[PDB]
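Here is the structure we will look at, set down as structure tokens.
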Amino acid sequence: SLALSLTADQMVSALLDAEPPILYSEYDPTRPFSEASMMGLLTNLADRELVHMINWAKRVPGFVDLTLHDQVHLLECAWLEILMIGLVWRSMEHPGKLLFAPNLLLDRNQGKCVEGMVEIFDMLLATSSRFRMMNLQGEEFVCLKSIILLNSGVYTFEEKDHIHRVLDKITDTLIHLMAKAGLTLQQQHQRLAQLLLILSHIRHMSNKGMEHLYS
Amino acid sequence: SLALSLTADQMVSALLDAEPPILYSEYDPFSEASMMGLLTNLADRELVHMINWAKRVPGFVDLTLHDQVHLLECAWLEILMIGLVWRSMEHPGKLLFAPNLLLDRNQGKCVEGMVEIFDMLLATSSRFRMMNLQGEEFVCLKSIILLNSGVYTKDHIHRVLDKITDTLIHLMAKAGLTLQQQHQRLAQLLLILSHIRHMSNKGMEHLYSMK
Amino acid sequence: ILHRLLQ
Amino acid sequence: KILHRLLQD
């Protein structure tokens, strides 16, 4: 295993290099402004993101050591969470708006076009505003996104301990970044807790989104 | 706010002091309706005690009345679940809903769709047992659930959440854990709260469907 | 109901 | 599963 032997700096650069591209949405002026057209735009965008997310997951340290069967299970549990934390991260510098794509920036008013999506839109906007208040860094973001991949399906499956050892190293990486930025030990502990508690809200948003998709 | 002026030991003793009692089930056929009724009756009596305990959670009285209603209606099933998971720690393979209602995975199949949430609850309890989750850590996590489950749907709540984090680290440093072991265990415990949120959301779907 | 228990 | 094939390719 190469994951358990990486340093903190090598872990960050590895995750940064695996970052998937920022895709564009379709810009079809022949399509009307309707709910089904909006849900078709978001569905088309998410499907193309999923293909890049699978390659990105292969490059997350420790994910290759898993069995194929497990990899399928982690991705099918966390895929909407990973899409959501990516969207939330892209939307940090656009207050009151969600940057689904550079050519698809939506506020909560436009989110009313689909029934029930406005509540999830507000939750995503609040999560984005919280990241902006905390001044979330990209190195911290790729750490949180790798935690989601390894943690979302670990309690619903020798292997579970390996995932937990990789998770401990990502925790060592988050603290290493915070101590590097000049934070005191108490501030390192507090910021670590603040970030991981946001993952509970991202899990909540994903579970609510799965309900509407299954409908 | 008086909560922010407490020491770590005073925060621990205050949370341990506010612990609600462990109630009993009615104990009166074998049915999914008989089983769902016993759990509904039990959870309804736990909720009343749960409305007393958050009142004693430091920083909760400072919130407005509407905000207190919001946090409780967001986290009530989570708080019930982490309490059940905590009671079941020393009973591997079984969920201790009550001292007179100890059920295993097999008996959970009596209700449709509960065996899945049953397995998730068992897996959470086994994880707490292998970490040697302490009672002082448990009451800190349960307070975090209450103040965090509805906070994004506020500086005071976040400053109380920071002090609870200082309390967990204080407990770990006192038990002899190294600095690296302190932030790893902190991360391990808080990541479990994501699964408890997951189990709550799955539980709410069946309740909204049972109704 | 929840307000009365909190009040 | 396509998730199988994409993880093998």
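We count from 1, first residue shown onward.
We read in the header that X-ray crystallography, 2.5 Å was used to get this structure.
Backbone N, Cα and C atoms are what each Cβ position is placed from, and that goes for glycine too.
Database features (Swiss-Prot):
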{"type": "BINDING", "residues": "B:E46, B:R87, B:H206", "note": "17beta-estradiol binding site"}
{"type": "LIPID", "residues": "B:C140", "note": "S-palmitoyl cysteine"}
Say you check the Cα of B:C140 (S-palmitoyl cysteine) against those of the binding-site residues B:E46, B:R87, B:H206; which is nearest?
-> B:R87
In whole Å, the longest Cα-Cα distance within the recorded 17beta-estradiol binders B:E46, B:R87, B:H206 is 23
Between B:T153 and B:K154 this deposited model leaves 11 residues unbuilt; compute the CA-CA distance across that break and give it in Å as an integer.
-> 11
One would quote the Cα-Cα distance in Å spanning the 3-residue unmodelled segment from B:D28 to B:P29, in whole numbers, as 9
Count of other CB atoms lying within 10 Å of the CB belonging to B:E46 (17beta-estradiol binding site) | 21
Output, ordered by sequence, the same-chain residues six or more apart from B:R87 (17beta-estradiol binding site) with a CB under 8 Å from its CB, or 'none'.
-> B:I22, B:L96, B:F97
Secondary structure of the residue listed as 'S-palmitoyl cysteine' (DSSP, helix/strand/coil) = helix
